[PDB]
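In the deposited numbering, the protein residues as written are 1 to 92.
For every residue, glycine included, the Cβ atom is placed at its ideal position computed from N, Cα and C.
Step one of this worksheet: look at the structure below.
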């Protein structure tokens, strides 16, 4: 057909995290802004500790954007966490 609907910034980018977290707990971090259907934790290789960064996705891009408009630059369990938009509006 015609299609000009190809934008969906449903991805976010998290930093500053704990070492002893899991994806089920990230549901409690961000799901309240607009529901999650995909979480990606990422870990070390030394001794399986979590690293101080992870990835969370949302069902909708309007639910993704909002999860970075309140929760950015706060504490979480006494660590200092971050959220950013890991995109740009256009790139060519």
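Between the Cα of residue i and the Cα atoms of the options, which residue gives the shortest distance?
i          : options        : result
residue 88 : 71, 65, 81     : 65
residue 97 : 53, 68, 61, 25 : The structure shown has nothing for residue 97, since the chain only spans 1 to 92.
residue 16 : 50, 25, 86     : 50
residue 53 : 92, 7, 90, 83  : 83
residue 27 : 91, 43, 46, 59 : 59
residue 76 : 1, 2, 19       : 19
Report buried or exposed for residue i, applying the criterion of at least 16 other Cβ atoms within 10 angstroms of its Cβ.
i          : result
residue 40 : exposed
residue 21 : buried
Compute the beta-carbon to beta-carbon distance between residue i and residue j, rounded to the nearest angstrom, for a pair I have assumed lies under 8 Å.
i          : j          : result
residue 14 : residue 55 : 7 Å
residue 63 : residue 35 : 6 Å
Can you find the residues in the same chain that come closer than 6 Å, C-beta to C-beta, to residue i, ignoring five residues on each side of it along the sequence?
i          : result
residue 38 : 57
residue 30 : 56, 67
residue 23 : 39, 41
residue 7  : none
Return the chain-ordered list of same chain residues with a C-beta closer than 8 Å to the C-beta of residue i, the five sequence neighbours on each side being excluded.
i          : result
residue 85 : 9, 12, 13, 65, 68
Among residues of its own chain, excluding the 5 on either side of residue i, which ones have a beta-carbon nearer than 7 Å to its beta-carbon?
i          : result
residue 79 : 16, 17, 18
residue 73 : 82
Which residue marks the beginning of the beta strand (DSSP E) containing residue i, and which one marks its end?
i          : result
residue 84 : 79–84
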